[PDB]
Amino acid sequence: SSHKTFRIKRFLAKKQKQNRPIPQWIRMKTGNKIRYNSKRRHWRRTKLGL
Amino acid sequence: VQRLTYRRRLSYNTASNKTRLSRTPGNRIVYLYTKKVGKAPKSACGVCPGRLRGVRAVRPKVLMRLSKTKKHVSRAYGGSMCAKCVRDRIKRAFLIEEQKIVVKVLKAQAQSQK
Amino acid sequence: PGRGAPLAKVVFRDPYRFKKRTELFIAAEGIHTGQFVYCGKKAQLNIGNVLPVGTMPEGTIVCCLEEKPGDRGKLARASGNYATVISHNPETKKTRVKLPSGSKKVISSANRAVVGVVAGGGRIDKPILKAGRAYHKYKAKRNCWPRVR
Amino acid sequence: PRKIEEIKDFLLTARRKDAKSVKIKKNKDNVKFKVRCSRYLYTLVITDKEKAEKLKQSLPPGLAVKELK
Amino acid sequence: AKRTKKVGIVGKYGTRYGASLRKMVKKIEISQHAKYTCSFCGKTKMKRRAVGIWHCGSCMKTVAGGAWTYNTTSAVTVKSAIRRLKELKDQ
RNA sequence: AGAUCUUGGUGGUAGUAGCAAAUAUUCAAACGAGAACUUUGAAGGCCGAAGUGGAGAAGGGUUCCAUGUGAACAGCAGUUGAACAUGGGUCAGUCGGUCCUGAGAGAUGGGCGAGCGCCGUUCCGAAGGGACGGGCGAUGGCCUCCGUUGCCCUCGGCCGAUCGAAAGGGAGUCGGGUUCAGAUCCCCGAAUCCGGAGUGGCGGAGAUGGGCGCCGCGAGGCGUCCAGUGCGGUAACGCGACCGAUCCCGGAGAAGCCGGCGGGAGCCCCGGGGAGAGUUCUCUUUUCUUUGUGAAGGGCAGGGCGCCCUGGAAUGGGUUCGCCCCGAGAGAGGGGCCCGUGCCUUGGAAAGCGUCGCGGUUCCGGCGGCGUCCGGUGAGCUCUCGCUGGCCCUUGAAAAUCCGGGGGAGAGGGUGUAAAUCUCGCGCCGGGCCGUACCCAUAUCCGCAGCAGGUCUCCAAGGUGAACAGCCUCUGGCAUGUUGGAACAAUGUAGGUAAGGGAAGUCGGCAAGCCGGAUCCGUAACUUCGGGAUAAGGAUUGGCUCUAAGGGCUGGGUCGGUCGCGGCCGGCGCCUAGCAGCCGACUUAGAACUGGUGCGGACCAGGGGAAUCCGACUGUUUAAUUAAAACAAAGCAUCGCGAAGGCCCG
RNA sequence: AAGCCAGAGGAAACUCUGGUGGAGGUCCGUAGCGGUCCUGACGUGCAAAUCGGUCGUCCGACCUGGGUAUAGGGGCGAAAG
Ligand SMILES: [Mg+2]
Ligand SMILES: [Mg+2]
Ligand SMILES: [Mg+2]
Ligand SMILES: [Mg+2]
Ligand SMILES: [Mg+2]
Ligand SMILES: [Mg+2]
Ligand SMILES: [Mg+2]
Ligand SMILES: [Mg+2]
Ligand SMILES: [Mg+2]
Ligand SMILES: [Mg+2]
Ligand SMILES: [Mg+2]
Ligand SMILES: [Mg+2]
Ligand SMILES: [Mg+2]
Ligand SMILES: [Mg+2]
Ligand SMILES: [Mg+2]
Ligand SMILES: [Mg+2]
Ligand SMILES: [Mg+2]
Ligand SMILES: [Mg+2]
Ligand SMILES: [Mg+2]
Ligand SMILES: [Mg+2]
Ligand SMILES: [Mg+2]
Ligand SMILES: [Mg+2]
Ligand SMILES: [Mg+2]
Ligand SMILES: [Mg+2]
Ligand SMILES: [Mg+2]
Ligand SMILES: [Mg+2]
Ligand SMILES: [Mg+2]
Ligand SMILES: [Mg+2]
Ligand SMILES: [Mg+2]
Ligand SMILES: [Mg+2]
Ligand SMILES: [Mg+2]
Ligand SMILES: [Mg+2]
Ligand SMILES: [Mg+2]
Ligand SMILES: [Mg+2]
Ligand SMILES: [Mg+2]
Ligand SMILES: [Mg+2]
Ligand SMILES: [Mg+2]
Ligand SMILES: [Mg+2]
Ligand SMILES: [Mg+2]
Ligand SMILES: [Mg+2]
Ligand SMILES: [Mg+2]
Ligand SMILES: [Mg+2]
Ligand SMILES: [Zn+2]
Ligand SMILES: [Zn+2]
């Protein structure tokens, strides 16, 4: 909602910051074995824990 | 015609969410959030139901910034009780004190005989 | 709310410090605002006065009787009810009273009571006539009214 | 805002320490002198024009006399 | 003109609750909403505020009375009993 | 090889079912490789103010905004997207939280418990750590004298921690402008609340007068003495302040639902004057749009008063829609108070808006001209205020917080350009933390989803009409609800019609059909006398032209006997069966004429009667097969219990 | 419905008539709440209970948000397990 506490806002801030694609230079690292961010979250597909 | 919206996030028609209609210099109608209607004090006698005169009817916390004269009447018990019951109390006090004098004198003259 | 007997708000003077004490006596019927009510042993027999049962005559009836010598009023409190003083014995300091149920009780002569019948009159004569009136009656008391057999 | 009724009060109002600036507004019917104090904007209305002129040169110096026209 | 033959004040209840119950509540309701002559100021303004509470509009005197009448016959007999026992108690 | 075996993968079905709830799309152009779906323009429609409009609460959490991509997703497509990627965006003393308590939750003391712990919330507590007051002192120091500090005396029951509302209580911010996305928060301009000021910031108040001796022509000066914690009004009460503690009292906060009136505003309506548009085949001085003044002060209307003074009323009077009021003081006359959201004024026109232009700063809060005017209406609708009633075996919060009064413990100076003190005017400083974007729903929430479901509110135009009904339209919005094209087979779903008969169909008039609004008549049995009842039944209903009836404002003089073609008194006269003029809503009744007898012409909108059974009625019930005769109910009856108690939990 | 006014008739008791008034777990009927019938639609649905018309109530035992309390042999139940 528009009314929110500081802890909820901070939690949503962290959840925003980690919902981003992997950097391109990661895939050229030695022994990478990572293709894409498998922990990507969409606001309409899956909902947050709170 | 022009329809209206609340200017605050309180969306319910509660007692603290009362508005009036104002036309701005910009020629538009907006809500102005009014203050609650104050009440003049009731008399401390607790008998007659009318509220006191000469005292401005405002919210209780508005009384802190008012001058002294706006909150009382230049009379004994002024701003606390009505004039009529003050007159009644003055008469009652004087007459009951006189009655005490009368009964004291009556007993003093009654004890003159063994 | 929840009772049929009106309550009387009585203001006394504190005998030990400069203060006003406000009580919540049960209104004996016939009392009015602006009336002086006198509580004590040497109080006189008038409607609304509170005085011990031992000092009242053999046929007086009372309003708010004490079950024990020292607690507040406990008997004949419901509206329209009263208790009747029957007999005394100066020895053993006992008083026989007739409770509203008709039972006879022996109490201490020091038990205080209000002279007269409690206000609220004959409340049970009027038929309720409506399930809604009973609903509102028992809404102010407790959740007991709609009773399934 | 407060409305000054006569000239003498406006002169001593404009000489107060808090007086930031004075505004002169020429309307069709009157001339308004508007001194900006710490709490109020005191306005003096002058129906005629010659008295407005004498108050124009009699203003205390060191005060912004900015014209609204 | 006369509007009802016999129901009077209980005409608001319609056909409901039974004739005898309406007849029984009729007198209680007439006494309930009646205005009694105040015994303090002499005006006919004593009307019921709540059950057992009677208040006068003029002198603002509040009296504790009956549920439906200003005083019950029981309480009047009690007041007479108390006055006679008081005058018998002293001499 | 089996176990309706476990996991994974793949077939036929099958290019099949299907992409059919809520009326609808069409033309041209642009970008683009590509257009039924994107964008723009034109046209036709829909939502029709109880919206498909404009904003919020909960919930979501970046979905908001800009740019780009066309892999996957948006059950067709897409040049589009709530997709993907890259950047950006939420600014507060005065909007909320924060404070208060509510229903309640919950420590400590105590009790219980093997024990984690739980019972209890004032009950089995030495439960006040505070105080301007006075004394003892340390002089800490600008040691004058007031601020520090320790102890003692005196006073001190929130009698109980603490938590508990973004809808309750709760001081005080409004107007204009501005962005791609933020504003009551940013900028501009006007205010306001709270807290602070020790060295006291300025004024004003307190508060600055009489008496006696002298001097002095008088006025006026000198000395002494005495007052002086304000003043006015008969009163209601008023004035700009107006010494005062512990303590006490009171008020505000602080109160249900419904009815009927009245005042004010906003909107609606009508008549003109402007400005700009629309029509002009003919007519239309015509049709449409627009035509501001915030908070906060001052003044004035208006509304209200169960406020005061004079006076004393029956031949009772006053008065409301209703009421109701009066020797406990009517009517009448004169005052006082409260609210003042209305008008004027400061704010204020400089801003805003509407038009007509002129320069450019690639993208100016640019510059300029003109205007922003006069009126009338009302059972109109919505808010708000006020008055007065009705209902209750229902009586409709608490606490923070603020204020007034009683009392006078004390403090202040010796007549001084004075003191203590000040709720008066102005001045100086500060207001920390958190939230603030967006959606708020036939696509941003829940229902596995862009799911016909569910989800709390605010605002509310014109016509018809009783109406927030239904139907049409304006402001605003949208593209027909996850696809289109071509045909018009059966069967279906939804909607109509049907000659003659009229329930013969069927378990059963199921379904459909009939009736329906308003006016005028006229209404039975039975009945608990209230009802039945819109009983039943009958007539009328359009258009046009009139005719009556139902109101409100003013003014009615007999005149120069004269000078403030006008005014004071008076010789100077009989509207007194009331007239003259002006203005104004709708409503009712009647008449004539008239149309192919059609007229509540769409919409809205009871089929009726005679009985039997059951339940008295209103209400409730098996969410998702049973709404009933079941449950409840008032009424009636019985039982237990006087508190060391009845019933019950533990 | 009570209450009230006026007129008329009455010896009174009182009665009759016309207005006023606006009561009611009152009636028709929106919104809301509910869910009778078509045993309609749908029934691999829009929907793991919905949709259309027709319906019941619509000032009260009314509808509803939020905050609270009651927890499993327990709660709560105008009562249908
Ligand atoms: Mg979801
Ligand atoms: Mg205004
Ligand atoms: Mg029962
Ligand atoms: Mg195998
Ligand atoms: Mg085998
Ligand atoms: Mg197919
Ligand atoms: Mg299909
Ligand atoms: Mg339409
Ligand atoms: Mg909306
Ligand atoms: Mg977007
Ligand atoms: Mg697709
Ligand atoms: Mg994304
Ligand atoms: Mg204590
Ligand atoms: Mg709290
Ligand atoms: Mg609040
Ligand atoms: Mg915005
Ligand atoms: Mg203005
Ligand atoms: Mg009078
Ligand atoms: Mg201008
Ligand atoms: Mg917002
Ligand atoms: Mg949906
Ligand atoms: Mg889920
Ligand atoms: Mg269609
Ligand atoms: Mg389409
Ligand atoms: Mg959709
Ligand atoms: Mg046929
Ligand atoms: Mg036929
Ligand atoms: Mg047959
Ligand atoms: Mg057959
Ligand atoms: Mg049928
Ligand atoms: Mg019938
Ligand atoms: Mg005709
Ligand atoms: Mg029934
Ligand atoms: Mg029966
Ligand atoms: Mg149900
Ligand atoms: Mg069912
Ligand atoms: Mg069913
Ligand atoms: Mg019976
Ligand atoms: Mg009803
Ligand atoms: Mg009904
Ligand atoms: Mg079916
Ligand atoms: Mg069973
Ligand atoms: Zn009084
Ligand atoms: Zn009285």
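Heads up, residue numbers simply count up from 1 along the chain you see.
Cβ atoms here come from the backbone N, Cα and C positions, even for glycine.
What Swiss-Prot records for D:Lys3, D:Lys8 is SUMO2 cross-link. Swiss-Prot lists D:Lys8, D:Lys66 with the feature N6-acetyllysine.
Annotated features, which come from Swiss-Prot, shown on the structure.
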residue : record           : contacts (Cβ under 8 Å, 6+ apart)
D:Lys3  : SUMO2 cross-link : D:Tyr42, D:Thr43, D:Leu44, D:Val45
D:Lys8  : SUMO2 cross-link : none
D:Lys66 : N6-acetyllysine  : D:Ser21, D:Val22, D:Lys23, D:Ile24
### Query
What recorded positions from D:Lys3, D:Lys8, D:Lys66 have a chain A Cβ less than 8 Å from their own Cβ?
none
### Task
In three-state terms from DSSP, label D:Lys8 (SUMO2 cross-link) for me.
helix
